[PDB]
Amino acid sequence: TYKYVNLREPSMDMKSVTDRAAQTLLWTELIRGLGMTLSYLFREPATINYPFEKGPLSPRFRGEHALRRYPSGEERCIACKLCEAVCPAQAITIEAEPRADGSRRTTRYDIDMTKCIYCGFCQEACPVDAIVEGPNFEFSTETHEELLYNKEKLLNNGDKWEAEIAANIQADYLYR
Amino acid sequence: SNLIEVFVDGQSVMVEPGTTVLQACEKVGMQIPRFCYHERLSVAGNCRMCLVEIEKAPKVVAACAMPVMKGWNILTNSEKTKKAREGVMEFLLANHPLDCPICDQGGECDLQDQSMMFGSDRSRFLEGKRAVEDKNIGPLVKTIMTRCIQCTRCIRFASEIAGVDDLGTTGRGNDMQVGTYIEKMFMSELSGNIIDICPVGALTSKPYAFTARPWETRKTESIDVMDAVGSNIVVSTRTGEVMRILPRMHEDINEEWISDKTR
Amino acid sequence: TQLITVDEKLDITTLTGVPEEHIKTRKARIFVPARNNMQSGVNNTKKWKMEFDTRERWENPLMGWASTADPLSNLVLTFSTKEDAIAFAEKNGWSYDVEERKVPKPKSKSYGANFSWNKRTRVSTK
Amino acid sequence: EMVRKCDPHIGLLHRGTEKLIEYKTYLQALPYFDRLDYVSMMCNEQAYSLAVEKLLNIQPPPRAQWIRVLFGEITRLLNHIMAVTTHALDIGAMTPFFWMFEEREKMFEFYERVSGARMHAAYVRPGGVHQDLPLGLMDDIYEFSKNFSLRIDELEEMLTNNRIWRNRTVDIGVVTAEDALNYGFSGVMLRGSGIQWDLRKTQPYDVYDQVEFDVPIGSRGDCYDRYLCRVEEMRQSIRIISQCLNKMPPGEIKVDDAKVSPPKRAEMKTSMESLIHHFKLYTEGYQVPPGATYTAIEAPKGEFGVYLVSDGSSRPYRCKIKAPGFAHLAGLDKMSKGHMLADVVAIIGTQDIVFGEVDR
Amino acid sequence: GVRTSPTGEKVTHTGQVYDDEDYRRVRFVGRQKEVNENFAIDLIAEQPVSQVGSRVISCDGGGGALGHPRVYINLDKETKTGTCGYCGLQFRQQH
Amino acid sequence: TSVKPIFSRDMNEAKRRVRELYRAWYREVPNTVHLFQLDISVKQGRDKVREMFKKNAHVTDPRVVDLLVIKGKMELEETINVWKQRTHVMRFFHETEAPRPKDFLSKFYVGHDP
Amino acid sequence: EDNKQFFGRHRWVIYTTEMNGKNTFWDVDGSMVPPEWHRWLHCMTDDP
Amino acid sequence: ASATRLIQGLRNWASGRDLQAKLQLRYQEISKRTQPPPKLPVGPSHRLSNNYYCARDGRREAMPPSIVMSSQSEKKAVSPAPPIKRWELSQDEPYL
Amino acid sequence: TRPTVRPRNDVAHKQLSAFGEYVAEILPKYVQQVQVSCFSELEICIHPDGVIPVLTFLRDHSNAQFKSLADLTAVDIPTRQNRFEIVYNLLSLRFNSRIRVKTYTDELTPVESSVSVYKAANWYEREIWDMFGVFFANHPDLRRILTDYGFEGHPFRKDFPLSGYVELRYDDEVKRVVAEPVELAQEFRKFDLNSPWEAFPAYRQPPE
Amino acid sequence: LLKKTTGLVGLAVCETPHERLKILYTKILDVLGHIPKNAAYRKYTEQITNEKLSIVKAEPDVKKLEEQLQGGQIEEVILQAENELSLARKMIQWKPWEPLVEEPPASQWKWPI
Ligand code: SF4
Ligand code: SF4
Ligand code: SF4
Ligand code: SF4
Ligand code: FES
Ligand SMILES: [K+]
Ligand SMILES: [Zn+2]
């Protein structure tokens with residue numbers, strides 16, 4: 001149930017001693033290493049042609065945050081603040097009020113994407129599937145505060161990516 | 001002294017005659033779960049969440065109402081006490097609505113907390129629930145009566161402390177509704193305190209409705225200034241903004257109530 | 001011998017690295033926290049707590065968040081007894097004020113008193 | 001040329017992780033453990049999860065245990081590829097870095113398919129795992145493992161019999177076994193010195209008592225025996241992954257105590273108790289009973305332990321993180337005396353030091 | 001139904017707009033103010049009130065486990081429609 | 001009221017150690033100004049060392065001044081060895097910090113704090 | 001598609017030379033892919 | 001996989017291994033990116049009867065630590081456990 | 001209680017109880033408590049004057065042989081007058097066991113360094129100096145190991161705030177990284193999470 | 001038969017293990033006789049050392065002595081005997097059979113607080 005790496009005594013007959021001295025003077029293992037590197041020279045490389053080719057992802061992927069709506073246009077979020085209670089980085093800032101039809105909706109929904117650790121606890125704490133962490137990972141900015149998302153940017157990410165977020169949640173809700 | 005000797009989980013404790021089983025457990029530092037018992041309301045005994053086993057007695061007793069006898073060994077953690085708590089909690093949660101995200105009582109709900117503490121962790125209820133018509137008892141108390149567990153803290157408060165006698169139960173059975181039966185507006189000077197004693201989000205604060213949530217609130221203990229009573233209050237804030245005003249308990253001033261102006 | 005005699009008052013303020021502004025201007029409050037009247041549970045009223053006076057919170061110009069300059073704004077310390085809290089405040093040079101524990105007095109509960117013959121404590125309904 | 005003294009100054013990645021853990025719940029504290037030994041993510045998840053479950057007096061289901069051992073051995077492959085190839089990259093061998101990070105890219109695809117994040121999965125949780133395996137994942141783990149032996153063979157072609165690699169590792173970083181035990185070394189740092197100690201054998205956790213593997217033992221305690229121990233631990237990890245893929249049971253992936261592990265999202269939207277429990281777990285978190293555990297695992301750098309203290313609340317009172325690299329980098333000063341400056345970088349390579357776990 | 005302030009600034013669905021004398025409009029100078037033009041308070045009011053023939057209806061928002069938790073709505077008021085507190089779909093007892 | 005000492009049996013050995021630490025810092029200040037290429041004078045640095053010693057002049061416990069000698073020796077060892085950079089030495093001189101209001105009226109003007 | 005290429009090379013996009021008014025003959029961008037093709041190109045699905 | 005047999009033989013010879021048997025690049029042998037929907041099984045506590053939580057409560061059977069010695073014969077000297085068994089050398093591959 | 005509850009180990013519980021009696025009666029000069037938790041872990045609570053006689057015992061005695069110092073830890077508990085709880089985790093490879101040796105100190109009383117017992121302690125208790133302020137007597141090179149060089153205070157104490165007292169930024173007037181008093185654009189939001197209902201009756205404390 | 005190595009780095013092979021073990025065990029008993037009779041360290045260590053010395057006197061073989069002393073190699077059994085000797089020489093100085101030097105404070109080990 002254990003084994004000894006490097007517990008070999010080399011043989012001391014003239015055959016093995018001459019083999020080791022030919023290895024020493026004639027560099028046999030170095031030609032072995034050159035041959036392994038030349039063997040990789042004639043392989044097709046693993047390089048994909050980004051951005052025209054993309055790295056493979058799963059529908060579980062945790063990328064850019066988005067707020068979803070129902071199939072009537074009403075937003076799913078009912079301001080329950082479970083996502084900001086569970087948030088390990090305290091990246092979510094929620095303020096709410098009853099709006100003009102008495103619905104329980106948010107007035108503030110901020111996600112700091114520079115505090116966010118992209119762990120997806122908010123999407124799995126959400127009881128109505130409102131906050132989701134979508135498929136987009138290509139959202140680098142030139143400014144720090146362009147990553148300080150408010151409710152408008154998150155609802156626009158939902159409206160932007162809903163055709164894909166709905167299919168990822170369709171492919172992955174039965175594992176949840 | 002006429003103190004009798006009772007036992008809570010085998011531990012001896014000397015109690016005044018007429019002490020309920022709940023108070024005998026409270027003297028040794030153990031809080032029995034309850035929904036209708038309130039230490040400033042009259043004893044109703046109509047939620048059955050306080051059912052505790054007295055040993056050598058083949059029946060759980062309502063600890064909120066049952067006086068102790070001499071030499072009872074109250075078993076707060078025995079098996080049939082826990083089965084009583086889980087069964088009563090399952091009946092409380094059978095027709096209760098899945099409103100915990102949209103409910104203001106969430107995070108400060110007795111039904112949530114002692115569902116986590118004393119009940120089972122899943123449902124066997126394979127039927128449809130009830131839904132109750134919401135009432136309009138004022139511009140202060142939001143009323144969502146599907147969340148009501150019919151504990152009658154409403155009625156005992158409005159009858160005994162506010163002296164109103166306008167809340168009540170109409171109907172019979174599973175259709176027993178707490179309300180006023182008419183379009184009547186419950187506006188006392190103490191009409192906000194029914195938000196405090198309601199253990200569920202059946203009665204909530206309409207100005208505090210949807211705005212905050214109790215785990216993110218900073219509780220600053222302070223004093224009322226609206227009258228000369230000096231009622232001890234909690235100002236609860238969130239991100240540097242006053243969210244609501246709750247009562248503090250002071251036995252000599254405001255026992256655990258505040259007026260509607262204070263609230 | 002290997003034990004010396006120190007009769008001076010225990011004070012470790014020069015060791016804790018706290019700046020002077022958050023030593024002498026802060027008012028520690030020592031108290032058993034009042035029960036949330038939203039709930040009937042009393043497990044949060046068991047241990048003594050030490051908090052500090054709340055300083056300014058203001059609005060972030062960019063996002064509207066609650067900005068603070070108070071390092072001790074979230075510092076809540078937990079103590080078994082009152083005197084441990086007082087000793088920890090005096091050890092750290094914190095000016096403190098203590099609120100005594102407000103215990104609920106024992107009430108007289110009787111179910112049959114709801115159904116009396118001649119007293120006002122009859123309930124009009126049940 | 002000689003090294004008289006080597007004084008490592010650390011704290012350059014000290015982030016106060018375990019003071020931040022005291023102000024977060026147990027579920028919120030779990031992703032800090034991904035970011036400690038950030039080439040051993042699910043192993044540290046598994047260590048903290050075993051610690052919390054030991055304090056909770058609950059146990060994960062068997063399928064979750066086999067998934068934990070499967071992904072912990074995938075994690076051991078990740079950590080020893082990082083270890084061996086960057087240890088070779090510092091000494092100068094830059095090419096098997098590139099050859100083995102493609103297999104490491106495929107294992108990050110396995111993490112992304114199982115959790116949605118390529119590195120910090122937050123997948124192994126107290127009570128089981130967060131989510132079940134997606135269909136078709138184990139077939140791809142099979143197609144990876146079936147071919148990974150040739151990748152180890154060509155790495156070992158490029159380094160093991162190479163005279164330049166042996167001249168940089170064979171006389172270097174010798175630790176006697178008694179000094180290895182007295183300096184708090186663990187893992188390969190012990191087993192290179194001939195010590196027969198592996199926590200998966202001696203103090204076994206989840207289903208390691210049911211898998212069959214060997215433990216490579218060094219003989220001279222140098223950089224070269226520790227290198228060969230890590231290569232053979234990759235071999236034995238492939239052996240364990242073959243056994244885990246053959247013996248994966250059916251069943252659930254969380255503990256069915258719903259006061260610890262969150263209920264399913266379909267039944268959270270149907271049952272009252274499940275919605276209450278979902279609410280209270282994702283806001284307060286489960287209360288852990290009061291007490292203190294020291295739970296250690298055989299992480300791929302050595303003994304990774306958590307001394308976790310609960311005061312009864314739903315937040316940790318104290319969470320000390322014992323990392324292997326802390327004591328290993330402490331012993332760096334003894335291991336480098338009488339060697340040269342180009343040998344100390346080989347010693348720093350053969351003690352698999354990631355400064356996230358060194359500094360917390 | 002998005003509208004425009006006298007300063008030319010779009011008002012969000014919350015109702016936020018900066019005042020005229022507020023300096024914080026300078027962050028939108030040379031740039032844009034991102035508002036979302038799909039107001040949920042308008043889109044949910046476009047839905048038809050669903051006529052049902054029961055006394056208590058259930059609503060889960062559609063899609064089964066993809067919507068919200070299932071709630072039961074009492075439809076005994078013939079003055080007011082029974083509105084879902086989660087999704088805002090509203091119901092009326094047909095008799 | 002009988003405790004275990006750290007180094008000093010009484011206050012007098014403690015004042016001996018405080019005195020020797022001030023001697024060592026006074027000797028080290030010109031080397032510190034030279035090799036960190038500080039833009040303060042040597043007199044200014046010796047005034048800062050005097051200020052950091054005289055801040056603690058109210059301590060009447062031998063154990064607390066033993067720990068203050070220990071922490072001062074640690075600061076000295078981090079300064080003699082180039083372990084501190086120029087920034088850690090210049091953090092004793094709060095240069096970027098604007099002078100706070102000291103009297104009552106200006107603190108009343110600027111905000112709420114005492 | 002080219003299913004004979006290895007996994008990663010087997011699906012690709014040629015970006016347009018003009019999108020939303022911007023000349024993208026040389027300045028192609030990874031976020032020029034609309035979300036309905038973003039699943040297909042990133043292999044989140046088998047179906048275009 | 002698309003390499004000519006000349007380059008394939010050259011590559012196999014230079015490595016010394018049969019490289020086409022175990023290609024590190026992936027082709028149609030891997031799983032489909034679209035899968036049928038699963039039916040995940042439930043745990044053992046999904047029972048409608050004999051499922052009181054007081055009989056499967058792990059956290060509430062945790063006890064306080066049993067105090068063995070506290071400051072308020074010819075008995076055998078004990079160890080914390082029996083001494084660890086000597087490991088067996090591996091029958092699979094000992095390297096001896 | 002079969003599937004979801006952790007299976008109790010009675011054999012190791014009994015063996016660790018017997019070995020705790022063994023350690024307590026061999027060393028009654030220092031041993032103050034001996035306890036075994038429900039998950040079978042042995043804790044030897046000793047007096048701080050006997051750190052070295054205990055740990056040299058358990059390292060060297062032929063029925064203990066705790067040859068590895070796994071982890072050395074301090075825990076701040078401000079409600080105690082000796083607020084620091086120093087914790088030694090030991091691993092005996094011979095008997096395949098682990099033990100915990102707990103002792104105490106306050107801010108001012110030194111602890112004797114165990115580098116003459118375990119050289120592994122050389123950084124851990126050094127960390128305990130940096131994080132808690134527990135001075136260790138006869139440590140070879142006692143100094144800070146994790147904090148910044150000019151750092152005042154000891155961070156892992158519980159009266160030390162989560163964010164510090166100073167933050168750093170590059171100032172361009174002085175061409176230098178400078179320290180200023182910390183001001184957060186968003187305050188850390190303290191959450192009051194504790195439920196007011198008792199969770200565990202086995203751990204109930206007796207009232208006043 | 002002269003085992004070629006111990007397998008442990010820095011632990012040399014003992015050529016004559018039995019005589020070394022007898023010398024170390026009688027030296028442990030000699031040092032351990034300086035401890036008072038009531039001390040549990042003396043009784044327990046005399047017990048285990050007399051058992052080990054009886055086993056060493058009972059077995060001529062080295063391998064079977066390793067399998068029945070149950071301490072690994074014979075050289076780390078010798079190492080453990082030397083560590084026990086050094087420990088007992090320290091235990092003379094420490095005198096830990098004496099009563100407890102100080103009671104802890106009243107709630108010094110109360111957890112949870
Ligand atoms: S992914 Fe995690 S860190 Fe980011 S907002 Fe969601 S819960 Fe917070
Ligand atoms: S996004 Fe979800 S979890 Fe967050 S407040 Fe809205 S409904 Fe609640
Ligand atoms: S009353 Fe309590 S259990 Fe009912 S919906 Fe509200 S928070 Fe949930
Ligand atoms: S509304 Fe609340 S207080 Fe009134 S009877 Fe119902 S549950 Fe009780
Ligand atoms: S509390 Fe006794 S029955 Fe309601
Ligand atoms: K209420
Ligand atoms: Zn709905």
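As a basis for the values below, the full set of heavy atoms in this structure was taken, side chains included, without hydrogen atoms, waters or symmetry mates. Within every chain, numbering begins at 1; the chains are lettered A, B, ... in the order of the sequence lines, protein sequences first and strands thereafter. Atoms within a ligand are numbered from 1 in the order they appear, just like the ligands themselves.
- In terms of protein heavy-atom proximity, atom 6 (Fe) of ligand 4 is nearest to B/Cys148 SG, 2.3 Å.
- Distance from atom 5 (S) of ligand 4 to its nearest protein heavy atom, with residue and atom name: B/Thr152 N, 3.1 Å.
- Put simply, B/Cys151 gets within reach of atom 8 (Fe) of ligand 4, with an N, O or S atom under 2.8 Å from it.
- Considering only non-hydrogen protein atoms, atom 2 (Fe) of ligand 4 sits nearest to B/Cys198 SG, 2.3 Å.
- Counting only N and O atoms by type, the side chains of B/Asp166 and B/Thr180 include no donor and acceptor under 3.5 Å apart.
- A donor-acceptor pair is defined here as one N or O able to donate and one able to accept, closer than 3.5 Å; no such pair exists between the side chain of B/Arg156 and the backbone of B/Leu41.
- The OE1 atom of B/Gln105 and the O atom of B/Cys198 meet at the K ion (ligand 6) at an angle of about 100°, given to 10°.
- Formation of a donor-acceptor pair under 3.5 Å by the B/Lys135 side chain with backbone atoms of B/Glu133 is found in this model.
- In B/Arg147, neither the side chain nor the backbone holds a heavy atom less than 4.0 Å from any atom of ligand 4.
- Looking at B/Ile149 against ligand 4, both its backbone and its side chain come within 4.0 Å, counting heavy atoms.
- Annotation: cation-pi geometry satisfied between B/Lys142 and B/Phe210 (NZ/CZ under 6.0 angstrom from ring centroid, within 45° of ring axis).
- With hydrogens and angles disregarded, a donor-acceptor distance shorter than 3.5 Å links the side chain of C/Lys109 to the backbone of B/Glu39.
- Side-chain N or O atoms of C/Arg35 include none that pairs as donor or acceptor with a backbone N or O of C/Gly41 at under 3.5 Å.
- Vertex the K ion (ligand 6); arms to B/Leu203 atom O and B/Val200 atom O; angle 90° (nearest 10°).
- Ranking protein heavy atoms by distance to atom 4 (Fe) of ligand 4, first place goes to B/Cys154 SG, 2.3 Å.
- Contact analysis leaves B/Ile197 out of contact with ligand 4, as no non-hydrogen atom separation drops below 4.0 angstrom.
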